[PDB]
Amino acid sequence: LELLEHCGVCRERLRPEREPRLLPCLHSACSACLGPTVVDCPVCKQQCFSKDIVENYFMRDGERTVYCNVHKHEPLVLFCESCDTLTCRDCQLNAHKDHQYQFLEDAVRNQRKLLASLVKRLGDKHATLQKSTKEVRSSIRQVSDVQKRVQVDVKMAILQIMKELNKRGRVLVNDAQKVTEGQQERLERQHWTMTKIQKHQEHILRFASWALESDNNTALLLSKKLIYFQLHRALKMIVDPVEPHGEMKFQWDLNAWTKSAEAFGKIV
Amino acid sequence: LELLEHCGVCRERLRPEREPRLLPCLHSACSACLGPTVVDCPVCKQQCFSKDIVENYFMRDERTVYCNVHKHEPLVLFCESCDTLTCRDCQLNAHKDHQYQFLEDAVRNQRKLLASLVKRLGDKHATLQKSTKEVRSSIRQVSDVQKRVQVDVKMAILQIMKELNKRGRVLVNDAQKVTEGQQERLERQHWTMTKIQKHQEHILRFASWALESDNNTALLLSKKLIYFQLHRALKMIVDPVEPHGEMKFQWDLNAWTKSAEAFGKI
Amino acid sequence: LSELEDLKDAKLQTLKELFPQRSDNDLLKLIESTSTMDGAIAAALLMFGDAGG
Amino acid sequence: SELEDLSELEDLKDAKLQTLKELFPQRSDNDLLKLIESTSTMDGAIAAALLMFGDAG
Ligand SMILES: [Zn+2]
Ligand SMILES: [Zn+2]
Ligand SMILES: [Zn+2]
Ligand SMILES: [Zn+2]
Ligand SMILES: [Zn+2]
Ligand SMILES: [Zn+2]
Ligand SMILES: [Zn+2]
Ligand SMILES: [Zn+2]
C-alpha cells in the first residue's frame, strides 16, 4: 500500500526518471539505490546475477506506450504466444515469423482470467496459514499450561504419599512411646520401695545415734531397751530387696532397613 | 534431733511428769497423746498390744530410778541369770546363788557389742545411701533412653526422606528436560511458521496490490507475468504442513500409590 | 525347713515397715499368694488396702 | 511406475529447497542442498540445521 509505491533506501515515489529496476525477489528500487558482479536485494538476497534484473515499468498516468527492445520507436503492443512475452509488429515478422501468435486484447482477457484463478487459489491457501498460525500460537499456551500442570501433578501426588506415610510412621512411634512409659511405670515401684525402706531405717538410725550419745547418768534409761533396738534392728537387718536390671532393648527396636527404602524410592 | 526430743501430737519437750511412754516401733510420746485394747503408733502400726508398752524414762538433767518391788531400794546390780538388773534384795531373795555380776563389766561389754552392731549397720545404710543415687540416676538414664530412641526413629525417617527426594527430583528433572525440549521444538516450529507467513504475506500483499490496479495498466503488468508466476511457484509449494506432537506425558507419571502405602505400613 | 520360715518373716517385717496399719494375719496370706517375690508382694499390697505414701 | 515416483521425489526435494530460499536466502543453493540431503528432508529439522551453521538472527 504505502510501501510498494515507494523506493528502496530513499522511499521515493515511483519516479520513472529514477530508472527503477525490479529484482527477482519482486521488490523494486532505483539503480541509484544499489549500483554494485551479482547484485543483492535490500531485504532478501543476491538471488540472481545482474543479468536477470529488469527495470520496473511503473510510470503512472503519456507513456501508455512502451517501446520495443530492438526496433527502436516501434512499440510493443503484440503478444508472441510462442515466447510468453510481447513484441512489436516487426519482431513478429523477422524473429517470430510464423511463430504462434496472440493479440493483446484476447491474451489480456485470458491471462487476467487465469492469473485471477491462480491468485484466488493461493489466497484461499494462505487463509489456512493465517489460521494455522493462531492454531500453533494457542497450542503453545496449552502445551505450556499442561506442562506446568503435569509438573505440579507429580509433585502433589508425591506430597500426598509423604503425608500419609508420615501419619503411618508417627502412629507406630506413639505406639512404642506408650509401651516404653508403661514399662517405666512398672519398674517405677522399686524407687517407691527404696524410699519407704530408707525412711524406716532412718527413723531407727536417728534413734540409735542419739541413744548412744547421751551417756551421762543414762545407763539406766539405756539399759531398758536393748531388746527392742535389736528387734527393729532385725527389722532393718533383713530388709530383703535385690535390685533387678531392666535390659535395654530400645536400641534393637528401630527398624533400620534402609536398603529397601532406597530400592522402593528409585522407581517412583 | 529437733524431732526426737519432742512428744507425739503436741511436740512438747520431754516432760518426765508427762509420764511419757515408748512404743515397740520406737516412737516416744506421752500417754496424753494416745489413750485407747491394742494401741497403735502416730507413725507406724499397732505393732503390739498395750501390754508391751514401756513408759519412756528420759529425765534430762533424777539420775536415779528405784526398784519395782523392794520400793526405795534401788537397782544397781546385774542379775546375770535374768538378763536384767536387780537391787540388793532380789539378789539375796529371788536370785539367791544365781551366778552373779556387777554393773561395770556388763555395761562395758554391752556398749562394745552395741557399738559393733551400730558400726556394721551404718556401713550398710551407707550402701543404701549410695544405691539410692545409683537407681535415681538409672531412672533418668532409662527416660533418656526413651527420648533418644524417639529421636533416632525420626532421624532415620528424615534420612530416608532425603535420599528419596534426591531420587525423585532426579526423575522430575526428566520431566523438566522433556517438557522443555518439546517446547524448544514448538518454539522452533512457531518461529518457522511466523517467519514463513510473513514472507508469504509480503509476496501476497505486493502481488495483490499490483493486480488490483488493473485500470489502464495492462501495459505495465503484462511485462512481468514471468516472475509473477515464478514467485507463485515459490508460494505454491511452500512445503510446510503442521505436525502435532501428541501428549503422552500424561501417560508417564508413575502413580502406584497402593504400592507406596503397602511398603510404608511396615 | 527352719530357713524358709525366716525367709518369709523377713518380707513380713518389711510389709509392716511399708504399710503397717494392715494386720499381720492379712499380710501373711498375701506373702504366700505371691510365692514371696520381693516386689510383686508390694504390688499386691497396693492392690487392696491403702495404696499411697 | 517407479520412474513416475522418482520424478515426483525430485519436485518434493526442490520445494523444500525453495522454502530454504524463502527463509535464509543469502546462502548459496549448492549449500542448502547438502543440508536438505543430510536432514533426510524433515520440514522442521531442516530449519533447525539451517540455524545451526551460518549465524543466529
Ligand atoms: Zn531510491
Ligand atoms: Zn526483497
Ligand atoms: Zn515467438
Ligand atoms: Zn520489436
Ligand atoms: Zn503429748
Ligand atoms: Zn511408729
Ligand atoms: Zn536372776
Ligand atoms: Zn529390788
# chains A, B, ... in the order shown; residues from 1 in each chain; ligands from 1
$ interface_residues --of "chain B" --to "chain D" --cutoff "7 Å" --atoms "only C-alpha atoms" --output "VMD selection string"
chain B and resid 189 196 199 234 237 to 240
$ residues_near_ligand --ligand "ligand 5" --cutoff "7 Å" --atoms "only C-alpha atoms and all ligand atoms" --output "ChimeraX atom specification"
/B:7-12,29-33
$ atom_distance --atom1 "CA of residue 216 in chain B" --atom2 "atom 1 (Zn, counted along the ligand's line) of ligand 2"
26.7 Å
$ residues_around --residues "range 75-77 of chain B" --least-positions-apart "3" --cutoff "12 Å" --atoms "only C-alpha atoms" --output "compact mmCIF listing (two decimals) with N, CA, C and O atoms, in the first residue's frame"
# COMPACT_ATOMS: atom_id res chain seq x y z
N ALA A 219 22.83 -44.81 131.78
CA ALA A 219 22.97 -46.26 131.75
C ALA A 219 21.66 -46.94 132.15
O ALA A 219 21.30 -47.97 131.58
N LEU A 220 20.92 -46.33 133.08
CA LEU A 220 19.61 -46.84 133.46
C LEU A 220 18.62 -46.75 132.31
O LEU A 220 18.09 -47.77 131.85
N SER A 223 19.66 -49.04 129.41
CA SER A 223 19.68 -50.48 129.66
C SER A 223 18.33 -51.15 129.47
O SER A 223 18.27 -52.39 129.40
N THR B 64 18.39 -41.16 139.15
CA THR B 64 18.11 -42.43 139.80
C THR B 64 16.69 -42.89 139.52
O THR B 64 15.77 -42.07 139.39
N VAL B 65 16.52 -44.20 139.40
CA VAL B 65 15.21 -44.84 139.35
C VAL B 65 15.27 -46.06 140.26
O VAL B 65 16.28 -46.77 140.30
N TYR B 66 14.20 -46.28 141.01
CA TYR B 66 14.19 -47.26 142.10
C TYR B 66 13.47 -48.55 141.70
O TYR B 66 12.65 -48.57 140.78
N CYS B 67 13.80 -49.62 142.42
CA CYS B 67 13.38 -50.97 142.06
C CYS B 67 11.87 -51.13 142.07
O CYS B 67 11.14 -50.35 142.69
N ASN B 68 11.38 -52.16 141.36
CA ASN B 68 9.94 -52.37 141.25
C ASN B 68 9.33 -52.79 142.57
O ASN B 68 8.31 -52.23 143.01
N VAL B 69 9.93 -53.78 143.23
CA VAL B 69 9.31 -54.49 144.34
C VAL B 69 9.74 -53.92 145.68
O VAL B 69 8.90 -53.48 146.47
N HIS B 70 11.04 -53.89 145.94
CA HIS B 70 11.54 -53.54 147.26
C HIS B 70 11.55 -52.03 147.46
O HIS B 70 12.36 -51.50 148.24
N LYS B 71 10.65 -51.35 146.77
CA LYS B 71 10.32 -49.93 146.99
C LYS B 71 11.59 -49.10 146.83
O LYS B 71 12.16 -49.08 145.73
N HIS B 72 12.06 -48.41 147.87
CA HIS B 72 13.12 -47.42 147.77
C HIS B 72 14.51 -48.04 147.67
O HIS B 72 15.50 -47.30 147.70
N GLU B 80 22.97 -61.80 136.29
CA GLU B 80 23.45 -62.44 135.07
C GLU B 80 22.58 -63.61 134.64
O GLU B 80 22.60 -63.99 133.47
N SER B 81 21.80 -64.18 135.56
CA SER B 81 20.89 -65.27 135.22
C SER B 81 19.51 -64.79 134.81
O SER B 81 18.62 -65.63 134.60
N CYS B 82 19.29 -63.47 134.68
CA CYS B 82 17.99 -62.96 134.28
C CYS B 82 18.07 -61.79 133.31
O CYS B 82 17.07 -61.08 133.13
N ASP B 83 19.24 -61.54 132.70
CA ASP B 83 19.40 -60.61 131.58
C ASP B 83 19.07 -59.16 131.92
O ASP B 83 19.16 -58.29 131.05
N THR B 84 18.71 -58.88 133.17
CA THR B 84 18.31 -57.53 133.57
C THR B 84 18.94 -57.19 134.92
O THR B 84 19.80 -57.92 135.43
N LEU B 85 18.51 -56.07 135.50
CA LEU B 85 19.08 -55.58 136.74
C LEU B 85 18.17 -55.87 137.92
O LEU B 85 16.97 -56.11 137.77
N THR B 86 18.78 -55.86 139.10
CA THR B 86 18.08 -56.03 140.36
C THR B 86 18.76 -55.18 141.41
O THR B 86 19.88 -54.68 141.22
N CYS B 87 18.06 -54.99 142.52
CA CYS B 87 18.63 -54.35 143.69
C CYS B 87 19.21 -55.42 144.61
O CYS B 87 19.19 -56.62 144.29
N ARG B 88 19.74 -55.00 145.75
CA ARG B 88 20.44 -55.94 146.61
C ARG B 88 19.50 -56.99 147.19
O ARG B 88 19.93 -58.11 147.47
N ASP B 89 18.22 -56.66 147.34
CA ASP B 89 17.29 -57.59 147.99
C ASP B 89 16.94 -58.76 147.08
O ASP B 89 16.84 -59.90 147.55
N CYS B 90 16.76 -58.50 145.78
CA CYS B 90 16.40 -59.58 144.87
C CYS B 90 17.55 -60.57 144.69
O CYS B 90 17.31 -61.76 144.49
N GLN B 91 18.79 -60.09 144.75
CA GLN B 91 19.94 -60.97 144.64
C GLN B 91 20.20 -61.75 145.92
O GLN B 91 20.93 -62.75 145.89
N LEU B 92 19.64 -61.31 147.05
CA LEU B 92 19.56 -62.15 148.23
C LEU B 92 18.28 -62.98 148.25
O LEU B 92 18.29 -64.10 148.77
N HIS B 95 17.25 -64.21 143.35
CA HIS B 95 18.38 -64.76 142.61
C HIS B 95 19.46 -65.25 143.57
O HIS B 95 20.64 -64.96 143.38
N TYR B 100 26.43 -64.43 139.24
CA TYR B 100 26.28 -63.02 139.58
C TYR B 100 27.29 -62.17 138.81
O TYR B 100 28.34 -62.65 138.36
N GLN B 101 26.96 -60.89 138.69
CA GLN B 101 27.81 -59.93 138.02
C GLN B 101 27.44 -58.53 138.50
O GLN B 101 26.36 -58.31 139.04
N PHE B 102 28.37 -57.60 138.29
CA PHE B 102 28.18 -56.20 138.65
C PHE B 102 27.87 -55.37 137.41
O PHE B 102 27.87 -55.86 136.28
N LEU B 103 27.60 -54.09 137.65
CA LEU B 103 27.15 -53.22 136.57
C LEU B 103 28.28 -52.90 135.61
O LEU B 103 28.08 -52.89 134.39
N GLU B 104 29.48 -52.64 136.13
CA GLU B 104 30.52 -52.02 135.32
C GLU B 104 30.91 -52.91 134.14
O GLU B 104 30.84 -52.47 132.98
N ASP B 105 31.32 -54.15 134.41
CA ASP B 105 31.77 -55.08 133.38
C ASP B 105 30.70 -55.37 132.32
O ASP B 105 30.98 -55.30 131.12
N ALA B 106 29.48 -55.70 132.75
CA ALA B 106 28.42 -55.95 131.78
C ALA B 106 28.08 -54.71 130.97
O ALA B 106 27.78 -54.81 129.78
N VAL B 107 28.15 -53.52 131.59
CA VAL B 107 27.93 -52.28 130.85
C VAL B 107 29.01 -52.09 129.79
O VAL B 107 28.70 -51.78 128.63
$ residues_near_ligand --ligand "ligand 6" --cutoff "10 Å" --atoms "only C-alpha atoms and all ligand atoms" --output "list in words"
residues 200, 203 and 204 of chain A; 22, 23, 24, 25, 26, 27, 28, 40, 41, 42, 43, 44, 45, 46 and 47 of chain B; 17 and 20 of chain C
$ residues_around --residues "range 72-87 of chain A" --least-positions-apart "6" --cutoff "12 Å" --atoms "only C-alpha atoms" --output "PDB file with N, CA, C and O atoms, in the first residue's frame"
ATOM      1  N   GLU A  63       2.680   7.895 -21.193  1.00  0.00           N
ATOM      2  CA  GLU A  63       3.516   6.747 -21.519  1.00  0.00           C
ATOM      3  C   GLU A  63       2.753   5.441 -21.332  1.00  0.00           C
ATOM      4  O   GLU A  63       3.281   4.452 -20.818  1.00  0.00           O
ATOM      5  N   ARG A  64       1.486   5.434 -21.757  1.00  0.00           N
ATOM      6  CA  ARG A  64       0.814   4.168 -22.008  1.00  0.00           C
ATOM      7  C   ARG A  64       1.575   3.358 -23.040  1.00  0.00           C
ATOM      8  O   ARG A  64       1.347   2.151 -23.172  1.00  0.00           O
ATOM      9  N   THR A  65       2.474   4.008 -23.773  1.00  0.00           N
ATOM     10  CA  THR A  65       3.335   3.355 -24.744  1.00  0.00           C
ATOM     11  C   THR A  65       4.681   3.022 -24.123  1.00  0.00           C
ATOM     12  O   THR A  65       5.284   3.844 -23.425  1.00  0.00           O
ATOM     13  N   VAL A  66       5.139   1.802 -24.371  1.00  0.00           N
ATOM     14  CA  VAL A  66       6.495   1.375 -24.053  1.00  0.00           C
ATOM     15  C   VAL A  66       7.078   0.779 -25.324  1.00  0.00           C
ATOM     16  O   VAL A  66       6.387   0.059 -26.055  1.00  0.00           O
ATOM     17  N   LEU A  93       7.527 -10.283 -37.580  1.00  0.00           N
ATOM     18  CA  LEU A  93       7.812 -10.540 -38.987  1.00  0.00           C
ATOM     19  C   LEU A  93       9.187 -11.164 -39.182  1.00  0.00           C
ATOM     20  O   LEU A  93       9.349 -12.055 -40.021  1.00  0.00           O
ATOM     21  N   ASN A  94      10.185 -10.705 -38.424  1.00  0.00           N
ATOM     22  CA  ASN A  94      11.538 -11.247 -38.517  1.00  0.00           C
ATOM     23  C   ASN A  94      11.726 -12.421 -37.568  1.00  0.00           C
ATOM     24  O   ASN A  94      11.609 -13.581 -37.974  1.00  0.00           O
ATOM     25  N   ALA A  95      12.007 -12.120 -36.296  1.00  0.00           N
ATOM     26  CA  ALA A  95      12.354 -13.164 -35.328  1.00  0.00           C
ATOM     27  C   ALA A  95      11.218 -14.160 -35.132  1.00  0.00           C
ATOM     28  O   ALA A  95      11.456 -15.367 -35.023  1.00  0.00           O
ATOM     29  N   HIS A  96       9.979 -13.680 -35.069  1.00  0.00           N
ATOM     30  CA  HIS A  96       8.836 -14.537 -34.783  1.00  0.00           C
ATOM     31  C   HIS A  96       7.994 -14.771 -36.031  1.00  0.00           C
ATOM     32  O   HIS A  96       6.760 -14.827 -35.974  1.00  0.00           O
ATOM     33  N   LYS A  97       8.669 -14.915 -37.167  1.00  0.00           N
ATOM     34  CA  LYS A  97       7.990 -15.200 -38.425  1.00  0.00           C
ATOM     35  C   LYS A  97       7.249 -16.520 -38.308  1.00  0.00           C
ATOM     36  O   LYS A  97       7.866 -17.572 -38.106  1.00  0.00           O
ATOM     37  N   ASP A  98       5.924 -16.457 -38.430  1.00  0.00           N
ATOM     38  CA  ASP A  98       5.062 -17.624 -38.264  1.00  0.00           C
ATOM     39  C   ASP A  98       5.334 -18.328 -36.942  1.00  0.00           C
ATOM     40  O   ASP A  98       5.367 -19.556 -36.870  1.00  0.00           O
ATOM     41  N   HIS A  99       5.576 -17.556 -35.891  1.00  0.00           N
ATOM     42  CA  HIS A  99       5.631 -18.114 -34.553  1.00  0.00           C
ATOM     43  C   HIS A  99       4.284 -17.891 -33.882  1.00  0.00           C
ATOM     44  O   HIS A  99       3.711 -16.800 -33.989  1.00  0.00           O
ATOM     45  N   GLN A 100       3.785 -18.928 -33.202  1.00  0.00           N
ATOM     46  CA  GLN A 100       2.412 -18.927 -32.701  1.00  0.00           C
ATOM     47  C   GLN A 100       2.124 -17.647 -31.932  1.00  0.00           C
ATOM     48  O   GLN A 100       2.928 -17.186 -31.118  1.00  0.00           O
ATOM     49  N   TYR A 101       0.961 -17.076 -32.206  1.00  0.00           N
ATOM     50  CA  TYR A 101       0.765 -15.646 -32.080  1.00  0.00           C
ATOM     51  C   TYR A 101      -0.564 -15.365 -31.399  1.00  0.00           C
ATOM     52  O   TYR A 101      -1.532 -16.115 -31.552  1.00  0.00           O
ATOM     53  N   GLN A 102      -0.597 -14.273 -30.642  1.00  0.00           N
ATOM     54  CA  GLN A 102      -1.801 -13.840 -29.951  1.00  0.00           C
ATOM     55  C   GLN A 102      -1.836 -12.321 -29.943  1.00  0.00           C
ATOM     56  O   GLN A 102      -0.794 -11.661 -29.958  1.00  0.00           O
ATOM     57  N   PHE A 103      -3.039 -11.766 -29.932  1.00  0.00           N
ATOM     58  CA  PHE A 103      -3.186 -10.331 -29.765  1.00  0.00           C
ATOM     59  C   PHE A 103      -3.394 -10.001 -28.296  1.00  0.00           C
ATOM     60  O   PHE A 103      -3.868 -10.826 -27.511  1.00  0.00           O
ATOM     61  N   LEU A 104      -3.024  -8.770 -27.937  1.00  0.00           N
ATOM     62  CA  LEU A 104      -3.143  -8.311 -26.556  1.00  0.00           C
ATOM     63  C   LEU A 104      -4.554  -8.523 -26.015  1.00  0.00           C
ATOM     64  O   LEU A 104      -4.732  -9.138 -24.959  1.00  0.00           O
ATOM     65  N   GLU A 105      -5.570  -8.050 -26.747  1.00  0.00           N
ATOM     66  CA  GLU A 105      -6.926  -7.981 -26.208  1.00  0.00           C
ATOM     67  C   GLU A 105      -7.430  -9.346 -25.754  1.00  0.00           C
ATOM     68  O   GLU A 105      -7.920  -9.490 -24.628  1.00  0.00           O
ATOM     69  N   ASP A 106      -7.307 -10.366 -26.604  1.00  0.00           N
ATOM     70  CA  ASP A 106      -7.740 -11.701 -26.199  1.00  0.00           C
ATOM     71  C   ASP A 106      -6.774 -12.327 -25.199  1.00  0.00           C
ATOM     72  O   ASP A 106      -7.206 -12.947 -24.216  1.00  0.00           O
ATOM     73  N   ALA A 107      -5.467 -12.157 -25.420  1.00  0.00           N
ATOM     74  CA  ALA A 107      -4.489 -12.668 -24.468  1.00  0.00           C
ATOM     75  C   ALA A 107      -4.595 -11.975 -23.116  1.00  0.00           C
ATOM     76  O   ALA A 107      -4.383 -12.619 -22.090  1.00  0.00           O
ATOM     77  N   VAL A 108      -4.931 -10.680 -23.082  1.00  0.00           N
ATOM     78  CA  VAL A 108      -5.049  -9.998 -21.793  1.00  0.00           C
ATOM     79  C   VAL A 108      -6.274 -10.492 -21.039  1.00  0.00           C
ATOM     80  O   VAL A 108      -6.204 -10.757 -19.837  1.00  0.00           O
ATOM     81  N   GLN A 111      -5.427 -13.997 -19.902  1.00  0.00           N
ATOM     82  CA  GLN A 111      -4.354 -14.019 -18.919  1.00  0.00           C
ATOM     83  C   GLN A 111      -4.817 -13.450 -17.587  1.00  0.00           C
ATOM     84  O   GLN A 111      -4.454 -13.971 -16.530  1.00  0.00           O
TER      85      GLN A 111
ATOM     86  N   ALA B 218      -2.606  -2.527 -18.118  1.00  0.00           N
ATOM     87  CA  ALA B 218      -2.276  -3.795 -18.766  1.00  0.00           C
ATOM     88  C   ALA B 218      -0.889  -3.746 -19.399  1.00  0.00           C
ATOM     89  O   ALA B 218      -0.167  -4.755 -19.395  1.00  0.00           O
ATOM     90  N   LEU B 219      -0.494  -2.574 -19.911  1.00  0.00           N
ATOM     91  CA  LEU B 219       0.847  -2.388 -20.457  1.00  0.00           C
ATOM     92  C   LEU B 219       1.923  -2.683 -19.416  1.00  0.00           C
ATOM     93  O   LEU B 219       2.823  -3.499 -19.650  1.00  0.00           O
ATOM     94  N   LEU B 220       1.845  -2.016 -18.261  1.00  0.00           N
ATOM     95  CA  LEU B 220       2.838  -2.194 -17.207  1.00  0.00           C
ATOM     96  C   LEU B 220       2.838  -3.628 -16.682  1.00  0.00           C
ATOM     97  O   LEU B 220       3.902  -4.193 -16.398  1.00  0.00           O
ATOM     98  N   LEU B 221       1.648  -4.232 -16.569  1.00  0.00           N
ATOM     99  CA  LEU B 221       1.510  -5.553 -15.957  1.00  0.00           C
ATOM    100  C   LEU B 221       2.073  -6.648 -16.848  1.00  0.00           C
ATOM    101  O   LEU B 221       2.952  -7.406 -16.425  1.00  0.00           O
ATOM    102  N   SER B 222       1.570  -6.757 -18.078  1.00  0.00           N
ATOM    103  CA  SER B 222       1.975  -7.836 -18.961  1.00  0.00           C
ATOM    104  C   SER B 222       3.496  -8.044 -19.043  1.00  0.00           C
ATOM    105  O   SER B 222       3.898  -9.128 -19.467  1.00  0.00           O
ATOM    106  N   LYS B 223       4.334  -7.079 -18.621  1.00  0.00           N
ATOM    107  CA  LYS B 223       5.791  -7.193 -18.710  1.00  0.00           C
ATOM    108  C   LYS B 223       6.400  -8.122 -17.671  1.00  0.00           C
ATOM    109  O   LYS B 223       7.588  -8.428 -17.777  1.00  0.00           O
ATOM    110  N   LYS B 224       5.624  -8.590 -16.684  1.00  0.00           N
ATOM    111  CA  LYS B 224       6.202  -9.252 -15.519  1.00  0.00           C
ATOM    112  C   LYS B 224       5.479 -10.542 -15.132  1.00  0.00           C
ATOM    113  O   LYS B 224       5.701 -11.057 -14.026  1.00  0.00           O
ATOM    114  N   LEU B 225       4.619 -11.070 -16.012  1.00  0.00           N
ATOM    115  CA  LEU B 225       3.919 -12.317 -15.710  1.00  0.00           C
ATOM    116  C   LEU B 225       4.891 -13.459 -15.418  1.00  0.00           C
ATOM    117  O   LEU B 225       4.583 -14.346 -14.607  1.00  0.00           O
ATOM    118  N   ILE B 226       6.077 -13.435 -16.038  1.00  0.00           N
ATOM    119  CA  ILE B 226       7.062 -14.499 -15.835  1.00  0.00           C
ATOM    120  C   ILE B 226       7.469 -14.583 -14.367  1.00  0.00           C
ATOM    121  O   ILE B 226       7.340 -15.631 -13.721  1.00  0.00           O
ATOM    122  N   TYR B 227       7.988 -13.483 -13.821  1.00  0.00           N
ATOM    123  CA  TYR B 227       8.487 -13.518 -12.450  1.00  0.00           C
ATOM    124  C   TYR B 227       7.347 -13.556 -11.445  1.00  0.00           C
ATOM    125  O   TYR B 227       7.519 -14.075 -10.329  1.00  0.00           O
ATOM    126  N   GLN B 229       4.541 -15.476 -11.855  1.00  0.00           N
ATOM    127  CA  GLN B 229       4.290 -16.906 -11.747  1.00  0.00           C
ATOM    128  C   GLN B 229       5.484 -17.670 -11.173  1.00  0.00           C
ATOM    129  O   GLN B 229       5.290 -18.741 -10.593  1.00  0.00           O
TER     130      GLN B 229
END
$ decode --residues "range 102-115 of chain A" --atoms "N, CA, C and O atoms" --output "PDB file, in the first residue's frame"
ATOM      1  N   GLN A 102      -0.597 -14.273 -30.642  1.00  0.00           N
ATOM      2  CA  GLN A 102      -1.801 -13.840 -29.951  1.00  0.00           C
ATOM      3  C   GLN A 102      -1.836 -12.321 -29.943  1.00  0.00           C
ATOM      4  O   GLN A 102      -0.794 -11.661 -29.958  1.00  0.00           O
ATOM      5  N   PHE A 103      -3.039 -11.766 -29.932  1.00  0.00           N
ATOM      6  CA  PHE A 103      -3.186 -10.331 -29.765  1.00  0.00           C
ATOM      7  C   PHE A 103      -3.394 -10.001 -28.296  1.00  0.00           C
ATOM      8  O   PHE A 103      -3.868 -10.826 -27.511  1.00  0.00           O
ATOM      9  N   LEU A 104      -3.024  -8.770 -27.937  1.00  0.00           N
ATOM     10  CA  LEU A 104      -3.143  -8.311 -26.556  1.00  0.00           C
ATOM     11  C   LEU A 104      -4.554  -8.523 -26.015  1.00  0.00           C
ATOM     12  O   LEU A 104      -4.732  -9.138 -24.959  1.00  0.00           O
ATOM     13  N   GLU A 105      -5.570  -8.050 -26.747  1.00  0.00           N
ATOM     14  CA  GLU A 105      -6.926  -7.981 -26.208  1.00  0.00           C
ATOM     15  C   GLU A 105      -7.430  -9.346 -25.754  1.00  0.00           C
ATOM     16  O   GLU A 105      -7.920  -9.490 -24.628  1.00  0.00           O
ATOM     17  N   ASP A 106      -7.307 -10.366 -26.604  1.00  0.00           N
ATOM     18  CA  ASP A 106      -7.740 -11.701 -26.199  1.00  0.00           C
ATOM     19  C   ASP A 106      -6.774 -12.327 -25.199  1.00  0.00           C
ATOM     20  O   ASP A 106      -7.206 -12.947 -24.216  1.00  0.00           O
ATOM     21  N   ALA A 107      -5.467 -12.157 -25.420  1.00  0.00           N
ATOM     22  CA  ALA A 107      -4.489 -12.668 -24.468  1.00  0.00           C
ATOM     23  C   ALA A 107      -4.595 -11.975 -23.116  1.00  0.00           C
ATOM     24  O   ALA A 107      -4.383 -12.619 -22.090  1.00  0.00           O
ATOM     25  N   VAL A 108      -4.931 -10.680 -23.082  1.00  0.00           N
ATOM     26  CA  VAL A 108      -5.049  -9.998 -21.793  1.00  0.00           C
ATOM     27  C   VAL A 108      -6.274 -10.492 -21.039  1.00  0.00           C
ATOM     28  O   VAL A 108      -6.204 -10.757 -19.837  1.00  0.00           O
ATOM     29  N   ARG A 109      -7.412 -10.622 -21.721  1.00  0.00           N
ATOM     30  CA  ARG A 109      -8.592 -11.180 -21.072  1.00  0.00           C
ATOM     31  C   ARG A 109      -8.301 -12.572 -20.519  1.00  0.00           C
ATOM     32  O   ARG A 109      -8.515 -12.837 -19.329  1.00  0.00           O
ATOM     33  N   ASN A 110      -7.775 -13.466 -21.365  1.00  0.00           N
ATOM     34  CA  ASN A 110      -7.493 -14.828 -20.915  1.00  0.00           C
ATOM     35  C   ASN A 110      -6.444 -14.853 -19.809  1.00  0.00           C
ATOM     36  O   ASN A 110      -6.560 -15.627 -18.851  1.00  0.00           O
ATOM     37  N   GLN A 111      -5.427 -13.997 -19.902  1.00  0.00           N
ATOM     38  CA  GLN A 111      -4.354 -14.019 -18.919  1.00  0.00           C
ATOM     39  C   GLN A 111      -4.817 -13.450 -17.587  1.00  0.00           C
ATOM     40  O   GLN A 111      -4.454 -13.971 -16.530  1.00  0.00           O
ATOM     41  N   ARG A 112      -5.616 -12.378 -17.611  1.00  0.00           N
ATOM     42  CA  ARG A 112      -6.204 -11.868 -16.379  1.00  0.00           C
ATOM     43  C   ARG A 112      -7.107 -12.910 -15.741  1.00  0.00           C
ATOM     44  O   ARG A 112      -7.074 -13.106 -14.521  1.00  0.00           O
ATOM     45  N   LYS A 113      -7.900 -13.614 -16.557  1.00  0.00           N
ATOM     46  CA  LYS A 113      -8.813 -14.616 -16.020  1.00  0.00           C
ATOM     47  C   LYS A 113      -8.094 -15.862 -15.503  1.00  0.00           C
ATOM     48  O   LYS A 113      -8.660 -16.582 -14.674  1.00  0.00           O
ATOM     49  N   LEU A 114      -6.875 -16.144 -15.972  1.00  0.00           N
ATOM     50  CA  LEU A 114      -6.125 -17.270 -15.412  1.00  0.00           C
ATOM     51  C   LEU A 114      -5.282 -16.875 -14.198  1.00  0.00           C
ATOM     52  O   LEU A 114      -5.175 -17.644 -13.229  1.00  0.00           O
ATOM     53  N   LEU A 115      -4.678 -15.685 -14.228  1.00  0.00           N
ATOM     54  CA  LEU A 115      -3.931 -15.212 -13.071  1.00  0.00           C
ATOM     55  C   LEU A 115      -4.853 -14.911 -11.898  1.00  0.00           C
ATOM     56  O   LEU A 115      -4.456 -15.105 -10.746  1.00  0.00           O
TER      57      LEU A 115
END
